[PDB]
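Okay, so here's the structure we're looking at.
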Amino acid sequence: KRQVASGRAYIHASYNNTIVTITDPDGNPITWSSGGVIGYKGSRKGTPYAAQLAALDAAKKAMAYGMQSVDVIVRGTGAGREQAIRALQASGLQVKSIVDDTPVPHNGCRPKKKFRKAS
Amino acid sequence: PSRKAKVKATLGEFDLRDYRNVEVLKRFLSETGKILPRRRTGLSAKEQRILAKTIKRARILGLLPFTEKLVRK
Amino acid sequence: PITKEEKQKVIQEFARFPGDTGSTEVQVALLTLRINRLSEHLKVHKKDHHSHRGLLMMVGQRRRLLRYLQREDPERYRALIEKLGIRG
Amino acid sequence: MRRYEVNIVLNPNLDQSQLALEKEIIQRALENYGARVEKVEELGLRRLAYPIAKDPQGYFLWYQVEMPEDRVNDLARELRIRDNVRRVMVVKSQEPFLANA
RNA sequence: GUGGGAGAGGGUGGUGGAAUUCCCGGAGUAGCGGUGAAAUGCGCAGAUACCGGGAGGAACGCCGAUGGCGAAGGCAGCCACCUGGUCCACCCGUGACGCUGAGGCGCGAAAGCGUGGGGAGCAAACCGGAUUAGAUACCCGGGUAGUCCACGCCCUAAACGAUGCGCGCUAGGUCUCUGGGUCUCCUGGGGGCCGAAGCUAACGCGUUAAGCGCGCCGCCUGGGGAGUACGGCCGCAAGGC
Ligand SMILES: [K+]
Ligand SMILES: [K+]
Ligand SMILES: [K+]
Ligand SMILES: [Mg+2]
Ligand SMILES: [Mg+2]
Ligand SMILES: [Mg+2]
Ligand SMILES: [Mg+2]
Ligand SMILES: [Mg+2]
Ligand SMILES: [Mg+2]
Ligand SMILES: [Mg+2]
Ligand SMILES: [Mg+2]
Ligand SMILES: [Mg+2]
Ligand SMILES: [Mg+2]
Ligand SMILES: [Mg+2]
Ligand SMILES: [Mg+2]
Ligand SMILES: [Mg+2]
Ligand SMILES: [Mg+2]
Ligand SMILES: [Mg+2]
Ligand SMILES: [Mg+2]
Ligand SMILES: [Mg+2]
Ligand SMILES: [Mg+2]
Ligand SMILES: [Mg+2]
Ligand SMILES: [Mg+2]
Ligand SMILES: [Mg+2]
Ligand SMILES: [Mg+2]
Ligand SMILES: [Mg+2]
Ligand SMILES: [Mg+2]
Ligand SMILES: [Mg+2]
Ligand SMILES: [Mg+2]
Ligand SMILES: [Mg+2]
Ligand SMILES: [Mg+2]
Ligand SMILES: [Mg+2]
Ligand SMILES: [Mg+2]
Ligand SMILES: [Mg+2]
Ligand SMILES: [Mg+2]
């Protein structure tokens with residue numbers, strides 16, 4: 011119940027799951043989707059295909075709000091990242107720009123043992 | 016690699032110890048706010064060592080970024 | 002720190018003859034200056050050990066020079082110590 | 001007495017009265033700590049690479065002075081007391097180091 | 001002595017941004033998380049993903065190196081103050097003032113101890129979920145001491161170059177950090193690699209010696225028993241010598 015017509019698309023990619031939040035120009039979310047929003051449950055959410063489906067689902071739900079153009083922000087390094095971007099590429103949405111916003115520390119906090127030896 | 020071009024080869028006479036000069040300094044940073052390796056800057060150990068400190072000073076003053084968003088991709 | 006005028010003042014104060022920068026008197030005077038300054042610095046900053054090692058070395062060097070002076074000319078030594086205020 | 005360079009970033013939203021007041025405060029605080037002013041450069045309002053106090057811009061002041069070492073820190077602290085002063089950076093002067101000479 | 005140089009050497013105070021967690025607000029909905037696969041866990045008291053504001057602790061990305069400094073332990077955002085060592089040039093001053101060093105004294109990673117603070121993240125013990133024949137583990141979800149600060153203890157280590165310190169002597173080549181100079185090159189102080197003579201059981205070392213020599217200190221004398229027992233000294237204890 012908005013008719014935004016232009017906005018942002020945040021792709022958050024993990025080895026475990028990919029999740030896509032589509033927002034307005036001020037960053038307020040409109041719709042969102044993920045591997046588990048679709049049928050997928052287990053490790054399969056981490057799959058590129060699941061990211062494709064999540065991206066398309068998010069875009070469709072977004073075009074229900076009557077949206078046309080998006081700026082894509084990409085955070086995280088994992089499978090299905092580039093697939094999510096590639097699905098949004100032509101989802102029926104015009105992608106105006108792509109940007110990698112993935113957060114990295116200046117070495118503030120000690121990682122869990124699994125992630126140690128690299129910082 | 017990095018045989019494309021170098022930054023020291025581009026500019027003319029300039030002060031390395033001047034932290035208020037943005038026009039010069041911002042050429043030593045990448046697409047992100049990262050300070051370029053010597054294989055890029057073309058500088059030398061001493062020169063580089065000074066450049067780093069002056070760039071950090073400029074960052075604290077608010078003239079230079081600590082980090083930038085990566086475009087394209 | 003120790004400026005040039007201070008150093009020159011003490012040097013020209015303890016010099017045996019005009020233009021003497023090297024005599025044992027002068028050396029012990031300069032060392033004493035530095036030791037006093039450093040000890041004053043270690044009154045505060047008592048957690049600074051690396052400087053304390055410097056102090057140790059300086060004290061040792063001074064004591065060795067004074068030992069030499071004592072062995073050589075006990076009068077000049079007596080005068081030196083009396084003047085600087087070392088040895089109690 | 002050593003040479004220092006004083007960098008001061010000011011709030012860009014200031015009008016002339018308040019700005020002149022801030023410069024008065026800075027001048028007076030400088031003189032009160034025994035700093036003689038060798039020279040001064042005012043670059044005015046410039047953009048920042050990142051927001052400072054939610055401001056995209058800043059007002060820049062530069063004072064090259066000669067002052068006693070023992071007071072320097074206390075000077076800096078004083079300059080930071082005011083609310084309209086965003087940054088204060090006091091650097092020991094150094095001769096220029098040139099590349100491509 | 002004079003004039004200069006480089007540096008994450010040390011101490012104190014200040015200050016910067018990224019990220020994590022937490023709180024507040026906005027928008028938004030059915031999951032998120034996690035694994036080989038899962039489950040516990042978190043979420044309709046609205047999580048996850050997104051934006052804005054705030055609080056707090058801890059560590060400093062790029063530069064960054066095969067780099068630098070320190071006697072060793074070790075030292076890395078930036079600024080200022082206090083302060084140790086060191087290298088070079090001048091050839092100015094003293095005139096053997098030297099080297100080593102039992103004992104003594106000081107310093108001494110981490111863990112650990114005492115009193116008081118502090119506590120974001122991580123995490124012994126512990127509490128759970130999985131795996132397994134079992135799983136007092138490896139993997140997953142929590143989590144206390146602790147990790148941080150002040151003051152006082154402890155004195156250990158693969159505290160390692162597994163190579164005590166000082167001096168002199170014995171081909172060169174190559175890369176690198178930092179001085180000086182008549183700056184292609186010469187000369188000095190560091191850090192690496194290959195190698196003359198020579199040494200070595202071999203591996204290898206080779207002007208940064210493990211070569212040729214001199215001075216002084218420490219230590220070894222087959223393996224297990226055992227760094228144990230006893231005694232003494234030190235420690236609040238753990239425990240150390
Ligand atoms: K070997
Ligand atoms: K005993
Ligand atoms: K106990
Ligand atoms: Mg998954
Ligand atoms: Mg100096
Ligand atoms: Mg000198
Ligand atoms: Mg210095
Ligand atoms: Mg340091
Ligand atoms: Mg909220
Ligand atoms: Mg929880
Ligand atoms: Mg439940
Ligand atoms: Mg959250
Ligand atoms: Mg808190
Ligand atoms: Mg080490
Ligand atoms: Mg002479
Ligand atoms: Mg003579
Ligand atoms: Mg000795
Ligand atoms: Mg200790
Ligand atoms: Mg500890
Ligand atoms: Mg404690
Ligand atoms: Mg945890
Ligand atoms: Mg089995
Ligand atoms: Mg079981
Ligand atoms: Mg665990
Ligand atoms: Mg316990
Ligand atoms: Mg307690
Ligand atoms: Mg080793
Ligand atoms: Mg060599
Ligand atoms: Mg050499
Ligand atoms: Mg041979
Ligand atoms: Mg060799
Ligand atoms: Mg036997
Ligand atoms: Mg034994
Ligand atoms: Mg044994
Ligand atoms: Mg034992």
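Residue numbers (the deposited numbering), protein chains in the order written: chain K, 11 to 129; chain R, 16 to 88; chain O, 2 to 89; chain F, 1 to 101.
Backbone N, C-alpha and C define an ideal beta-carbon position, used for all residues, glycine too.
Annotation: R:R72 has no Cβ neighbours in chain K at a cutoff of 7 Å; minimum Cβ distance is about 17 Å. For F:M89, the chain R residues whose C-beta falls within less than 7 Å of its own C-beta are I75, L76, listed in chain order. In this model, O:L32 and F:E66 are separated by some 31 Å (Cα to Cα).
Contact note: F:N7 reaches chain R through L76, using a C-beta cutoff of 7 Å and chain order. Going by DSSP, K:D111 is part of no beta strand (DSSP E) at all; its letter is neither H nor E.
The distance from the Cβ of F:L30 to that of F:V40 is about 10 Å, inconsistent with a contact at the 8 Å cut-off. For R:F29, the chain F residues whose Cβ falls inside 8 Å of its Cβ are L98, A99, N100, in order along the chain.
Residue pairing by DSSP places R:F29 opposite F:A99 in a beta bridge. By a beta-carbon distance limit of 8 Å, F:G34 does not contact F:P56. Their separation comes to about 37 Å. Membership of F:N32 in the alpha helix (DSSP H) is indicated by the continuous run 16-32. By the Cβ-count criterion, K:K55 is buried, with 16 or more other Cβ atoms from all chains shown falling within 10 Å of its own Cβ. For K:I29, the uninterrupted beta strand (DSSP E) segment begins and ends at 28-33. Per the coordinates, the alpha-carbon of K:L103 lies some 7 Å from the alpha-carbon of K:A69.
Annotation: the continuous alpha helix (DSSP H) that includes O:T33 extends over 25-44. F:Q64 has a beta carbon lying at 8 Å or more from every beta carbon in chain R. Inter-residue distance for O:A80 and O:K8 is about 20 Å (C-alpha atoms, whole angstroms).
F:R86 is positioned such that its CB atom lies closer than 8 Å to that of F:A53. Linking K:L98 to K:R120 through their CA atoms gives a straight-line distance of about 35 Å. Remark: fewer than three beta-carbon pairs, one from each stretch, lie closer than 8 Å, so the segment 108-116 of chain K and the segment 21-32 of chain R are not flagged as touching. At a C-beta separation below 9 Å, R:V86 has these neighbours in chain K: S107, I108, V109, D110. Counting every other CB atom within 10 Å of its CB across the protein chains shown gives O:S40 a total below 16, marking it as exposed. Between K:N27 and K:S44, the C-beta spacing is below 8 Å. Sequence-distant Cβ neighbours of K:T31 in its own chain, meaning closer than 6 Å and more than five residues away, are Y20, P39, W42. Counting along the chain, F:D55 sits inside the beta strand (DSSP E) bounded by residues 55-67. F:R80 carries a coil assignment under DSSP once its states are collapsed to helix, strand and coil. At a cut-off of 8 Å between beta carbons, F:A49 contacts chain R. F:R46 has F:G58 as its beta-bridge partners, per DSSP.
By the neighbour-count criterion, in which 16 or more other beta carbons inside 10 Å mark a residue as buried, O:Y69 falls on the exposed side. From the beta-carbon of R:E62, the residues of chain F found nearer than 7 Å are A99.
With a 10 Å radius around the Cβ and a threshold of 16 neighbouring Cβ atoms, K:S79 comes out exposed. If you draw a straight line from the Cα of R:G57 to the Cα of F:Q94, it comes to about 24 Å. Using a Cβ-Cβ cut-off of 8 Å, K:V30 does not count as an interface residue toward chain R, since no Cβ of chain R sits closer than that to its own.
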